[PDB]
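Asker: Starting off with a structure, shown below.
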2 protein chains.
Amino acid sequence: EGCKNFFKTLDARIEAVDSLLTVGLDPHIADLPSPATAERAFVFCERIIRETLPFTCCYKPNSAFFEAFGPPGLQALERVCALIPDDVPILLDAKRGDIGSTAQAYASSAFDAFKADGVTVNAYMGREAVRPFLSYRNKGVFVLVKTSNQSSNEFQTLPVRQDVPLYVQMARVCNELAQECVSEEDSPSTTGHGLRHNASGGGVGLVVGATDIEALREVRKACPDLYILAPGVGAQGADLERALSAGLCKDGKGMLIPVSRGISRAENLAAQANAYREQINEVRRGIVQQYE
Amino acid sequence: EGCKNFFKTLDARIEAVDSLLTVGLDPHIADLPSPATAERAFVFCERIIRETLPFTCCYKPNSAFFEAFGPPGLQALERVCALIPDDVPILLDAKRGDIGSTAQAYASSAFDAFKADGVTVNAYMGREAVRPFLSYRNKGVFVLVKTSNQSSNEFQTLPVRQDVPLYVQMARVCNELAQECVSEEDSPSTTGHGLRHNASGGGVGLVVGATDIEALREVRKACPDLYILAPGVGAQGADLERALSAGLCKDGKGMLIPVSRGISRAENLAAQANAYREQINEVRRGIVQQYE
């Protein structure tokens with residue numbers, strides 16, 4: 001079964017280990033034994049995977065930290081991705097964004113070379129920057145909508161042309177794009193969250209910071225079915241219970257909570273991972289119970 | 001003299017070889033001898049540099065095409081960058097864009113590891129995504145304003161809050177950012193285009209497609225001194241004479257014309273490079289002559 005994908009594999013993994021926890025694989029030089037190397041970055045990511053695997057539904061390595069070591073850093077990235085099991089999606093956080101010809105090469109890099117199951121994308125340049133990634137029909141493509149940082153309140157929150165914030169228009173385009181890539185499948189869906197993904201387990205995802213509760217509420221309203229990657233928990237001190245409440249779908253899914261330092265710096269990685277997992281699960285229980 | 005920078009080195013190179021031609025180093029698999037490899041990508045870029053060097057003021061390798069071959073592809077990128085002389089700026093077209101911590105790693109990748117003199121950046125996430133690159137005070141940081149593709153007329157041209165297009169607000173932020181990073185230098189400048197770059201030869205650049213003449217006119221008006229990288233010529237059939245007229249500064253500089261396939265596919269690379277060089281120069285003659 002070399003038919004590993006993003007969303008279908010994800011859903012099974014989520015139900016199998018009961019988790020929406022995504023674990024970031026970010027080898028910051030400062031967190032590695034001195035003197036830092038690409039090899040040490042590999043070991044760092046290995047131990048993390050080895051210990052948090054039972055509580056994790058998805059691994060999110062961030063390309064920048066590997067790129068910091070040059071070619072040996074990417075050599076480490078490839079080895080890290082190859083280390084992750086076939087039943088656990090790999091979301092490559094590279095926030096790539098360029099024109100057609102060029103985006104096709106970033107897509108191939110992420111999927112053919114690094115062998116990721118999903119990838120992060122920047123759509124400032126419009127849909128021509130997202131489609132090339134979606135041609136790989138079984139892959140997850142997560143578009144940056146409203147980010148977790150402070151400066152997101154500089155362009156992303158600008159009123160656009162009753163006016164809507166730029167990030168909202170971005171979400172509407174993403175939803176329209178999701179609908180465009182599932183246009184030939186029997187509609188309406190027979191399971192419900194039909195735009196969540198396509199028959200191959202591929203589809204459009206959204207990146208919305210957990211830090212901004214309003215944004216999650218607005219994005220969810222524009223894109224009711226799509227998955228949302230919500231960075232912010234731990235490091236940026238985001239309110240986890242309030243975030244899930246705003247972004248989770250009726251079925252208690254449709255949202256991924258990525259944590260990096262929150263886990264990697266912990267005395268016990270495995271115990272910490274589970275702590276977030278359980279914490280997340282307390283909220284999911286409520287959401288799913290209200291509608292039964 | 002290991003004091004190579006972007007803008008000061010650039011200006012000298014521009015005057016030395018009399019050119020605003022930037023040569024793209026984009027090894028598309030389709031243009032390489034079959035079966036394509038990272039090694040063949042290196043040779044491809046080598047021959048290009050070897051032949052167009054005398055007419056080129058800057059080399060622009062696009063990271064995506066190297067990333068397409070995996071780690072060996074980046075191993076090739078590093079070798080390509082190391083091949084370029086000390087008097088010719090290297091602009092790494094990676095369109096990187098992420099938060100502080102992470103952007104610092106992309107910066108280090110581009111400068112410490114790949115040893116580029118400049119880099120392309122995506123500011124959808126605001127100024128926190130650009131500053132980390134600017135901490136490397138002698139480097140050129142080119143922000144995506146209004147791109148050359150079609151989909152740029154999807155978000156970039158949206159009216160923002162007398163309303164202005166998003167790309168214009170993006171330019172104003174870039175100019176405000178340039179002014180922020182040169183705030184401690186004697187002002188006004190003694191040479192004029194003072195925000196062009198800082199004392200270390202570093203500074204903020206702009207990426208505006210040559211294809212959209214109006215955009216060039218608008219961006220120039222918001223950012224009168226800054227350099228503009230204008231992709232579009234050749235491949236996307238942009239009007240070169242009209243583009244330069246809209247974006248060139250009074251002194252006949254402040255603009256870079258990147259060409260990839262236009263050159264790489266030519267029967268004679270060197271002759272073609274010069275053809276664009278001369279073509280560009282005919283326009284510069286006029287601009288500089290009107291104000292004398």
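The chains in the structure tokens are called A, B, ... from first to last as shown; in each chain the residues are counted from 1, and the ligands are counted from 1 in the order shown.
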Considering only C-alpha atoms, tabulate each residue of chain B that lies at most 7 Å from chain A along with its nearest interatomic pair and the corresponding distance in Å to one decimal; arrange the rows by chain and ascending residue number and present them as a tab-separated table.
Answerer:
```
residue	atom	partner	partner_atom	distance
B:64	CA	A:106	CA	5.0
B:65	CA	A:105	CA	5.6
B:67	CA	A:109	CA	5.4
B:68	CA	A:109	CA	4.1
B:69	CA	A:113	CA	6.4
B:70	CA	A:113	CA	5.1
B:71	CA	A:75	CA	5.1
B:74	CA	A:71	CA	5.2
B:75	CA	A:71	CA	5.1
B:95	CA	A:97	CA	6.7
B:96	CA	A:96	CA	6.9
B:97	CA	A:95	CA	6.7
B:99	CA	A:149	CA	6.4
B:102	CA	A:64	CA	6.2
B:105	CA	A:68	CA	5.3
B:106	CA	A:64	CA	5.0
B:108	CA	A:68	CA	5.7
B:109	CA	A:68	CA	4.1
B:113	CA	A:70	CA	5.1
B:114	CA	A:70	CA	6.6
B:124	CA	A:124	CA	6.2
B:125	CA	A:152	CA	5.1
B:126	CA	A:151	CA	4.7
B:127	CA	A:151	CA	6.3
B:128	CA	A:151	CA	6.0
B:147	CA	A:125	CA	6.7
B:149	CA	A:99	CA	6.4
B:151	CA	A:126	CA	4.7
B:152	CA	A:125	CA	5.1
B:154	CA	A:126	CA	5.8
B:155	CA	A:126	CA	6.4
B:158	CA	A:160	CA	6.5
B:159	CA	A:161	CA	5.7
B:160	CA	A:160	CA	5.1
B:161	CA	A:159	CA	5.7
```
Asker: Write the selection just made, keeping N, CA, C and O atoms, as a compact mmCIF listing (two decimals), in the first residue's frame?
Answerer:
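Done, and the output landed in out-v4.txt:
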```txt
# COMPACT_ATOMS: atom_id res chain seq x y z
N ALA B 64 13.68 27.12 -6.21
CA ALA B 64 12.74 26.03 -6.52
C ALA B 64 13.32 24.99 -7.47
O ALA B 64 13.16 23.80 -7.26
N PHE B 65 14.00 25.43 -8.52
CA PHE B 65 14.54 24.49 -9.50
C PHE B 65 15.65 23.62 -8.93
O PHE B 65 15.83 22.49 -9.35
N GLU B 67 15.74 22.96 -5.56
CA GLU B 67 15.02 22.18 -4.56
C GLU B 67 14.33 20.96 -5.17
O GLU B 67 14.07 19.97 -4.48
N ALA B 68 14.04 21.04 -6.46
CA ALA B 68 13.40 19.96 -7.18
C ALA B 68 14.26 18.69 -7.23
O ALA B 68 13.73 17.60 -7.41
N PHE B 69 15.58 18.84 -7.08
CA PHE B 69 16.46 17.66 -7.08
C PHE B 69 16.82 17.17 -5.67
O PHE B 69 17.65 16.28 -5.51
N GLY B 70 16.19 17.74 -4.65
CA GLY B 70 16.45 17.32 -3.27
C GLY B 70 17.75 17.88 -2.74
O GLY B 70 18.19 18.95 -3.17
N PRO B 71 18.35 17.20 -1.76
CA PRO B 71 19.62 17.68 -1.21
C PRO B 71 20.69 17.87 -2.27
O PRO B 71 21.37 18.90 -2.24
N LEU B 74 20.44 21.24 -3.74
CA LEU B 74 20.94 22.36 -2.93
C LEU B 74 22.47 22.35 -2.89
O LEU B 74 23.13 23.39 -2.79
N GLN B 75 23.03 21.16 -3.01
CA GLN B 75 24.45 20.95 -3.06
C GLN B 75 24.92 21.65 -4.36
O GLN B 75 25.97 22.29 -4.40
N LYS B 95 11.76 33.60 -2.45
CA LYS B 95 10.48 34.12 -1.99
C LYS B 95 10.08 33.52 -0.65
O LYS B 95 9.01 32.94 -0.49
N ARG B 96 10.98 33.66 0.31
CA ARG B 96 10.78 33.15 1.65
C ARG B 96 9.95 34.13 2.45
O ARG B 96 10.08 35.35 2.29
N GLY B 97 9.10 33.60 3.31
CA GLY B 97 8.25 34.44 4.12
C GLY B 97 7.68 33.72 5.31
O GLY B 97 6.75 32.93 5.18
N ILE B 99 7.57 33.91 10.11
CA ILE B 99 7.71 34.71 11.35
C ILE B 99 9.16 34.85 11.80
O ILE B 99 10.02 34.08 11.39
N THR B 102 11.70 31.89 12.72
CA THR B 102 11.85 31.11 11.49
C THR B 102 12.49 31.88 10.33
O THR B 102 13.29 31.34 9.57
N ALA B 105 16.21 31.94 10.40
CA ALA B 105 16.83 30.74 9.87
C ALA B 105 16.88 30.76 8.33
O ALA B 105 17.83 30.27 7.74
N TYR B 106 15.85 31.31 7.69
CA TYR B 106 15.87 31.44 6.22
C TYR B 106 16.95 32.45 5.85
O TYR B 106 17.64 32.30 4.84
N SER B 108 19.73 33.17 7.55
CA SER B 108 21.00 32.53 7.78
C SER B 108 21.26 31.54 6.64
O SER B 108 22.38 31.44 6.14
N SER B 109 20.23 30.82 6.22
CA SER B 109 20.38 29.88 5.11
C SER B 109 20.91 30.61 3.87
O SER B 109 21.94 30.25 3.30
N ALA B 113 24.93 30.11 4.85
CA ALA B 113 25.11 28.83 4.14
C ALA B 113 25.31 28.96 2.61
O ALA B 113 26.36 28.60 2.09
N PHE B 114 24.31 29.45 1.89
CA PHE B 114 24.41 29.59 0.42
C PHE B 114 25.26 30.78 -0.02
O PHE B 114 25.73 30.82 -1.15
N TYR B 124 3.54 38.90 2.98
CA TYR B 124 2.12 38.73 3.33
C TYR B 124 1.93 38.77 4.86
O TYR B 124 0.93 39.28 5.35
N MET B 125 2.91 38.27 5.60
CA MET B 125 2.85 38.22 7.07
C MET B 125 3.35 39.50 7.76
O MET B 125 3.51 39.53 8.98
N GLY B 126 3.59 40.54 6.97
CA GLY B 126 4.06 41.83 7.51
C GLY B 126 5.56 41.99 7.70
O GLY B 126 6.36 41.11 7.37
N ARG B 127 5.94 43.13 8.26
CA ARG B 127 7.36 43.48 8.46
C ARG B 127 8.19 42.54 9.33
O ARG B 127 9.42 42.56 9.24
N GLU B 128 7.55 41.74 10.17
CA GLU B 128 8.29 40.78 11.00
C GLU B 128 8.96 39.70 10.14
O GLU B 128 9.88 39.01 10.59
N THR B 147 3.39 41.11 -8.44
CA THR B 147 4.08 40.17 -9.31
C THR B 147 3.60 40.16 -10.75
O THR B 147 2.50 40.63 -11.09
N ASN B 149 2.86 37.55 -12.72
CA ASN B 149 1.86 36.56 -13.15
C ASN B 149 0.46 37.17 -13.31
O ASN B 149 0.25 38.34 -13.04
N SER B 151 -2.47 35.95 -11.84
CA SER B 151 -3.16 35.91 -10.53
C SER B 151 -2.81 37.07 -9.57
O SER B 151 -3.40 37.19 -8.50
N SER B 152 -1.85 37.90 -9.96
CA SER B 152 -1.52 39.08 -9.17
C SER B 152 -2.74 40.02 -9.16
O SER B 152 -2.90 40.85 -8.27
N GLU B 154 -5.61 39.30 -8.39
CA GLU B 154 -6.61 38.58 -7.59
C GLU B 154 -6.62 39.06 -6.15
O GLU B 154 -7.68 39.19 -5.55
N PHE B 155 -5.44 39.31 -5.59
CA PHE B 155 -5.33 39.87 -4.22
C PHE B 155 -4.58 41.18 -4.26
O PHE B 155 -5.02 42.19 -3.72
N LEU B 158 -6.42 44.39 -5.09
CA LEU B 158 -7.65 44.68 -4.34
C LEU B 158 -7.60 46.04 -3.67
O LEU B 158 -6.60 46.37 -3.04
N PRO B 159 -8.68 46.84 -3.80
CA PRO B 159 -8.71 48.15 -3.14
C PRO B 159 -8.71 48.01 -1.62
O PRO B 159 -9.54 47.31 -1.05
N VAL B 160 -7.77 48.70 -0.98
CA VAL B 160 -7.57 48.65 0.46
C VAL B 160 -7.89 49.98 1.15
O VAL B 160 -7.95 51.03 0.50
N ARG B 161 -8.09 49.92 2.47
CA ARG B 161 -8.38 51.10 3.31
C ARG B 161 -7.31 51.23 4.41
O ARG B 161 -6.88 52.33 4.75
```
Asker: Might you pull out every residue within 12 Å of range 274-281 of chain B, with only C-alpha atoms counted and same-chain residues fewer than 3 positions away left off, and present them as a ChimeraX atom specification?
Answerer: /B:14-15,17-23,51-57,233-234,239-245,248,252-253,255-260,262-263,266,268-271,284-288
Asker: In Å, with one decimal, what is the gap from CA of residue 81 in chain B to CA of residue 134 in chain B?
Answerer: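 These atoms are spaced 20.2 Å apart.
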Asker: Mind checking DSSP for range 189-271 of chain B and telling me the strand (DSSP E) residues as a ChimeraX atom specification?
Answerer: /B:203-208,227-229,255-259
Asker: Restrict the selected residues to N, CA, C and O atoms and save them as a compact mmCIF listing (two decimals), in the first residue's frame.
Answerer:
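The resulting selection-v4.txt:
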```txt
# COMPACT_ATOMS: atom_id res chain seq x y z
N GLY B 203 20.00 46.92 1.96
CA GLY B 203 18.77 47.67 1.84
C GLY B 203 17.58 46.89 1.30
O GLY B 203 17.66 45.70 0.98
N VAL B 204 16.48 47.62 1.19
CA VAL B 204 15.22 47.08 0.73
C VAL B 204 15.03 47.26 -0.78
O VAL B 204 15.24 48.33 -1.34
N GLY B 205 14.63 46.17 -1.41
CA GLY B 205 14.34 46.15 -2.83
C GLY B 205 12.88 45.81 -3.02
O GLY B 205 12.18 45.44 -2.06
N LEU B 206 12.40 45.93 -4.25
CA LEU B 206 11.01 45.65 -4.57
C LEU B 206 10.92 44.76 -5.79
O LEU B 206 11.71 44.90 -6.73
N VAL B 207 9.96 43.84 -5.78
CA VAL B 207 9.73 42.99 -6.94
C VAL B 207 8.38 43.37 -7.57
O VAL B 207 7.32 43.12 -7.00
N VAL B 208 8.47 43.99 -8.75
CA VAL B 208 7.31 44.45 -9.51
C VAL B 208 7.44 44.01 -10.97
O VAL B 208 8.39 44.37 -11.65
N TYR B 227 15.35 50.06 -5.42
CA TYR B 227 15.52 49.22 -6.58
C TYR B 227 14.31 48.34 -6.82
O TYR B 227 13.68 47.87 -5.88
N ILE B 228 14.01 48.13 -8.10
CA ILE B 228 12.92 47.28 -8.51
C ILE B 228 13.41 46.17 -9.42
O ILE B 228 14.05 46.42 -10.43
N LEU B 229 13.10 44.94 -9.03
CA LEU B 229 13.42 43.77 -9.82
C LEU B 229 12.16 43.57 -10.66
O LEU B 229 11.08 43.36 -10.11
N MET B 255 16.72 49.91 -11.19
CA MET B 255 15.90 48.86 -11.76
C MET B 255 16.74 47.70 -12.31
O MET B 255 17.81 47.93 -12.90
N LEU B 256 16.29 46.46 -12.08
CA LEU B 256 17.00 45.25 -12.56
C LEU B 256 16.09 44.43 -13.43
O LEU B 256 14.97 44.12 -13.05
N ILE B 257 16.60 44.07 -14.60
CA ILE B 257 15.83 43.29 -15.58
C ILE B 257 16.32 41.84 -15.62
O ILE B 257 17.38 41.56 -16.18
N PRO B 258 15.55 40.92 -15.01
CA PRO B 258 15.94 39.52 -14.99
C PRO B 258 15.40 38.75 -16.17
O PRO B 258 14.24 38.89 -16.53
N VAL B 259 16.26 37.93 -16.77
CA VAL B 259 15.88 37.11 -17.90
C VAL B 259 16.45 35.73 -17.64
O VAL B 259 17.58 35.61 -17.18
```
Asker: In Å to one decimal, how far is CA of residue 138 in chain A from CA of residue 201 in chain A?
Answerer: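 Distance between the two atoms: 4.9 Å.
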Asker: Quick one: pull the distance between CA of residue 140 in chain B and CA of residue 60 in chain B, Å, one decimal.
Answerer: 12.4 Å
Asker: Let me make sure I understand: among A:116, A:168, A:181, A:84, which one has the smallest atom-to-atom distance to residue 131 in chain A if we use only C-alpha atoms?
Answerer: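 Closest residue, counting only C-alpha atoms: A:181.
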Asker: If you run DSSP over the backbone, which residues in range 43-150 of chain B end up alpha helix (DSSP H)? Put them as a PDB file with N, CA and C atoms, in the first residue's frame.
Answerer:
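As written to disk, states_8.pdb reads:
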```pdb
ATOM      1  N   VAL B  43      26.134  22.110 -14.279  1.00  0.00           N
ATOM      2  CA  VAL B  43      26.775  22.374 -15.558  1.00  0.00           C
ATOM      3  C   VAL B  43      25.983  23.404 -16.356  1.00  0.00           C
ATOM      4  N   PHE B  44      24.668  23.268 -16.345  1.00  0.00           N
ATOM      5  CA  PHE B  44      23.777  24.176 -17.049  1.00  0.00           C
ATOM      6  C   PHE B  44      24.010  25.600 -16.575  1.00  0.00           C
ATOM      7  N   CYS B  45      24.026  25.788 -15.262  1.00  0.00           N
ATOM      8  CA  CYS B  45      24.225  27.117 -14.685  1.00  0.00           C
ATOM      9  C   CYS B  45      25.648  27.662 -14.870  1.00  0.00           C
ATOM     10  N   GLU B  46      26.608  26.748 -14.939  1.00  0.00           N
ATOM     11  CA  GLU B  46      28.002  27.089 -15.132  1.00  0.00           C
ATOM     12  C   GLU B  46      28.196  27.707 -16.504  1.00  0.00           C
ATOM     13  N   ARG B  47      27.763  26.996 -17.525  1.00  0.00           N
ATOM     14  CA  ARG B  47      27.903  27.464 -18.896  1.00  0.00           C
ATOM     15  C   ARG B  47      27.264  28.862 -19.042  1.00  0.00           C
ATOM     16  N   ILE B  48      26.098  29.044 -18.417  1.00  0.00           N
ATOM     17  CA  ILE B  48      25.377  30.326 -18.479  1.00  0.00           C
ATOM     18  C   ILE B  48      26.205  31.463 -17.885  1.00  0.00           C
ATOM     19  N   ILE B  49      26.744  31.220 -16.702  1.00  0.00           N
ATOM     20  CA  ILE B  49      27.588  32.199 -16.033  1.00  0.00           C
ATOM     21  C   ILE B  49      28.838  32.457 -16.855  1.00  0.00           C
ATOM     22  N   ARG B  50      29.472  31.387 -17.310  1.00  0.00           N
ATOM     23  CA  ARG B  50      30.690  31.506 -18.090  1.00  0.00           C
ATOM     24  C   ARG B  50      30.502  32.357 -19.327  1.00  0.00           C
ATOM     25  N   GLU B  51      29.328  32.278 -19.933  1.00  0.00           N
ATOM     26  CA  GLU B  51      29.087  32.990 -21.188  1.00  0.00           C
ATOM     27  C   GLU B  51      28.432  34.361 -21.107  1.00  0.00           C
ATOM     28  N   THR B  52      27.638  34.605 -20.081  1.00  0.00           N
ATOM     29  CA  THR B  52      26.930  35.881 -19.969  1.00  0.00           C
ATOM     30  C   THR B  52      27.579  36.848 -18.987  1.00  0.00           C
ATOM     31  N   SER B  63      15.651  29.216  -6.354  1.00  0.00           N
ATOM     32  CA  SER B  63      15.798  28.072  -5.453  1.00  0.00           C
ATOM     33  C   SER B  63      14.909  26.866  -5.774  1.00  0.00           C
ATOM     34  N   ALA B  64      13.682  27.116  -6.207  1.00  0.00           N
ATOM     35  CA  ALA B  64      12.741  26.031  -6.519  1.00  0.00           C
ATOM     36  C   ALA B  64      13.319  24.986  -7.474  1.00  0.00           C
ATOM     37  N   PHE B  65      13.995  25.426  -8.523  1.00  0.00           N
ATOM     38  CA  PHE B  65      14.540  24.492  -9.501  1.00  0.00           C
ATOM     39  C   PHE B  65      15.650  23.625  -8.928  1.00  0.00           C
ATOM     40  N   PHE B  66      16.387  24.158  -7.974  1.00  0.00           N
ATOM     41  CA  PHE B  66      17.412  23.374  -7.293  1.00  0.00           C
ATOM     42  C   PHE B  66      16.757  22.452  -6.268  1.00  0.00           C
ATOM     43  N   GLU B  67      15.741  22.962  -5.561  1.00  0.00           N
ATOM     44  CA  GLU B  67      15.021  22.178  -4.558  1.00  0.00           C
ATOM     45  C   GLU B  67      14.326  20.960  -5.169  1.00  0.00           C
ATOM     46  N   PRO B  71      18.354  17.195  -1.763  1.00  0.00           N
ATOM     47  CA  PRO B  71      19.619  17.680  -1.209  1.00  0.00           C
ATOM     48  C   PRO B  71      20.694  17.875  -2.269  1.00  0.00           C
ATOM     49  N   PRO B  72      20.841  16.916  -3.216  1.00  0.00           N
ATOM     50  CA  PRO B  72      21.859  17.147  -4.263  1.00  0.00           C
ATOM     51  C   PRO B  72      21.579  18.429  -5.044  1.00  0.00           C
ATOM     52  N   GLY B  73      20.328  18.841  -5.075  1.00  0.00           N
ATOM     53  CA  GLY B  73      19.975  20.064  -5.790  1.00  0.00           C
ATOM     54  C   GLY B  73      20.501  21.281  -5.057  1.00  0.00           C
ATOM     55  N   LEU B  74      20.441  21.237  -3.738  1.00  0.00           N
ATOM     56  CA  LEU B  74      20.943  22.355  -2.933  1.00  0.00           C
ATOM     57  C   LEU B  74      22.473  22.353  -2.891  1.00  0.00           C
ATOM     58  N   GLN B  75      23.028  21.159  -3.006  1.00  0.00           N
ATOM     59  CA  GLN B  75      24.453  20.955  -3.063  1.00  0.00           C
ATOM     60  C   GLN B  75      24.921  21.647  -4.360  1.00  0.00           C
ATOM     61  N   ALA B  76      24.102  21.563  -5.402  1.00  0.00           N
ATOM     62  CA  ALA B  76      24.407  22.223  -6.673  1.00  0.00           C
ATOM     63  C   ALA B  76      24.248  23.743  -6.544  1.00  0.00           C
ATOM     64  N   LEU B  77      23.187  24.175  -5.868  1.00  0.00           N
ATOM     65  CA  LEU B  77      22.967  25.599  -5.643  1.00  0.00           C
ATOM     66  C   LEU B  77      24.155  26.248  -4.946  1.00  0.00           C
ATOM     67  N   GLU B  78      24.608  25.625  -3.865  1.00  0.00           N
ATOM     68  CA  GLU B  78      25.763  26.142  -3.137  1.00  0.00           C
ATOM     69  C   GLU B  78      26.949  26.299  -4.079  1.00  0.00           C
ATOM     70  N   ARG B  79      27.217  25.261  -4.881  1.00  0.00           N
ATOM     71  CA  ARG B  79      28.330  25.301  -5.847  1.00  0.00           C
ATOM     72  C   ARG B  79      28.122  26.352  -6.922  1.00  0.00           C
ATOM     73  N   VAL B  80      26.882  26.575  -7.341  1.00  0.00           N
ATOM     74  CA  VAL B  80      26.618  27.621  -8.346  1.00  0.00           C
ATOM     75  C   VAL B  80      26.917  29.007  -7.760  1.00  0.00           C
ATOM     76  N   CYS B  81      26.438  29.259  -6.551  1.00  0.00           N
ATOM     77  CA  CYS B  81      26.677  30.548  -5.922  1.00  0.00           C
ATOM     78  C   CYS B  81      28.171  30.806  -5.715  1.00  0.00           C
ATOM     79  N   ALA B  82      28.900  29.773  -5.303  1.00  0.00           N
ATOM     80  CA  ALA B  82      30.343  29.894  -5.073  1.00  0.00           C
ATOM     81  C   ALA B  82      31.121  30.150  -6.360  1.00  0.00           C
ATOM     82  N   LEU B  83      30.488  29.891  -7.492  1.00  0.00           N
ATOM     83  CA  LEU B  83      31.112  30.048  -8.799  1.00  0.00           C
ATOM     84  C   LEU B  83      31.108  31.501  -9.300  1.00  0.00           C
ATOM     85  N   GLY B 100       9.385  35.806  12.683  1.00  0.00           N
ATOM     86  CA  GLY B 100      10.709  36.120  13.226  1.00  0.00           C
ATOM     87  C   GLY B 100      11.695  34.981  13.422  1.00  0.00           C
ATOM     88  N   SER B 101      11.473  34.168  14.449  1.00  0.00           N
ATOM     89  CA  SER B 101      12.352  33.036  14.746  1.00  0.00           C
ATOM     90  C   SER B 101      12.723  32.289  13.480  1.00  0.00           C
ATOM     91  N   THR B 102      11.700  31.893  12.720  1.00  0.00           N
ATOM     92  CA  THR B 102      11.851  31.108  11.491  1.00  0.00           C
ATOM     93  C   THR B 102      12.491  31.884  10.330  1.00  0.00           C
ATOM     94  N   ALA B 103      12.133  33.149  10.170  1.00  0.00           N
ATOM     95  CA  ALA B 103      12.707  33.966   9.099  1.00  0.00           C
ATOM     96  C   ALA B 103      14.200  34.180   9.336  1.00  0.00           C
ATOM     97  N   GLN B 104      14.613  34.108  10.596  1.00  0.00           N
ATOM     98  CA  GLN B 104      16.014  34.296  10.950  1.00  0.00           C
ATOM     99  C   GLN B 104      16.834  33.121  10.394  1.00  0.00           C
ATOM    100  N   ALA B 105      16.214  31.944  10.402  1.00  0.00           N
ATOM    101  CA  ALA B 105      16.827  30.738   9.872  1.00  0.00           C
ATOM    102  C   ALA B 105      16.877  30.762   8.333  1.00  0.00           C
ATOM    103  N   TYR B 106      15.849  31.312   7.687  1.00  0.00           N
ATOM    104  CA  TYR B 106      15.869  31.436   6.220  1.00  0.00           C
ATOM    105  C   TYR B 106      16.953  32.450   5.846  1.00  0.00           C
ATOM    106  N   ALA B 107      17.099  33.481   6.663  1.00  0.00           N
ATOM    107  CA  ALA B 107      18.099  34.503   6.396  1.00  0.00           C
ATOM    108  C   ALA B 107      19.496  33.893   6.474  1.00  0.00           C
ATOM    109  N   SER B 108      19.733  33.175   7.553  1.00  0.00           N
ATOM    110  CA  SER B 108      20.997  32.531   7.776  1.00  0.00           C
ATOM    111  C   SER B 108      21.260  31.545   6.640  1.00  0.00           C
ATOM    112  N   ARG B 131      12.330  42.092   8.429  1.00  0.00           N
ATOM    113  CA  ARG B 131      13.418  42.582   9.294  1.00  0.00           C
ATOM    114  C   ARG B 131      14.555  41.595   9.551  1.00  0.00           C
ATOM    115  N   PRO B 132      14.235  40.333   9.857  1.00  0.00           N
ATOM    116  CA  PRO B 132      15.311  39.360  10.098  1.00  0.00           C
ATOM    117  C   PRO B 132      16.344  39.292   8.983  1.00  0.00           C
ATOM    118  N   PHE B 133      15.913  39.483   7.747  1.00  0.00           N
ATOM    119  CA  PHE B 133      16.821  39.472   6.615  1.00  0.00           C
ATOM    120  C   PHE B 133      17.641  40.743   6.594  1.00  0.00           C
ATOM    121  N   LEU B 134      17.009  41.852   6.974  1.00  0.00           N
ATOM    122  CA  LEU B 134      17.683  43.159   7.022  1.00  0.00           C
ATOM    123  C   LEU B 134      18.709  43.296   8.165  1.00  0.00           C
TER     124      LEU B 134
END
```
